[PDB]
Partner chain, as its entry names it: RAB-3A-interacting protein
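Shown here is one chain on its own, the form deposited without its partner chain, set out as structure tokens.
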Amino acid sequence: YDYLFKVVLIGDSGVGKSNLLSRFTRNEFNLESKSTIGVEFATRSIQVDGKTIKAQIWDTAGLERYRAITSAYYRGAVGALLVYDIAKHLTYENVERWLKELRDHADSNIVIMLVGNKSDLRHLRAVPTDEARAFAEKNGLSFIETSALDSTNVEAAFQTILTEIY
């Protein structure tokens, strides 16, 4: 590989962080929900401008009740996929709290991509696309809606963030 980019997954529990990771790295998806244990790592390489970019994606549980995420989790990360569930407005409301967590524990120039996941539940949508997109605008973040289930935009989300990082 030519470059190794550490990118982390963050967002409320249940939003789809883990399946987003499995879909991108192993083209797999599981409907059985299992809260993530400790910190998980997955890798994948892609081509960007003729070069080979090794993407190292970090994943962890969204709940920080008894054990909160440290700067070590974020350390050296050049990218962050901040995820929420379009069907659960609460997970969208909490994005502000995650941005504060990034501000306090991650490099000030990290590339942050807001990800509205569970696109396939468009009929149960609680967070209008235009509103989220505008929000991403005002906060200087990239934005994209995905579906780890039907696979919509998953590759595009990761591909885009890595390219932005390049």
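Only residues modelled in both forms are compared. Numbering follows the first chain given and starts at 1. The term rigid core refers to the most C-alpha atoms you can superpose between the two forms while keeping them within 1.5 Å.
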For this session: May I ask you to compare 99-107 and 48-56 by their mean CA B factor in the entry and name the higher one?
Result: 48-56
For this session: With reference to the PDB entry, specify whether the mean Cα temperature factor is higher for 71-79 or for 90-98.
Result: 90-98
Exercise. Which one of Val39, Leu63, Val127, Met113 shows the biggest C-alpha B-factor in the PDB entry?
Worked result: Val127
For this session: Pull the Cα B-factor of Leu162 out of the PDB entry and bin it into the chain's lowest, middle or highest third.
Result: middle
Problem set entry | Chain-relative CA temperature factor third for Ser18 | lowest
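What follows is about the form deposited with its partner chain bound, which we do not show.
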Exercise. Which single stretch, out of 96-104, 135-143, 25-33, 109-117, brings residue heavy atoms within 4.5 Å of its partner chain in the bound PDB entry?
Worked result: 25-33
Exercise. Just to confirm, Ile46 within 4.5 Å of its partner chain in the bound PDB entry by heavy atoms?
Worked result: no
For this session: Go through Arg67, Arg26, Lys100, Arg133 and flag the only one whose CA is off by 2 Å or more between the shown form and the other one, rigid core held fixed.
Result: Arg67
Problem set entry | Shift in CA distance, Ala106 and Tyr66, in the bound PDB entry relative to the form shown here, given it is 3 Å or more | closer
Exercise. Closer or farther: the CA pair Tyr66/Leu102 in the bound PDB entry, versus this form, with a change of 3 Å or more?
Worked result: closer
Problem set entry | After core alignment, residue runs (3 or more) whose Cα moves 2 Å or more between the shown form and the other one | 65-69
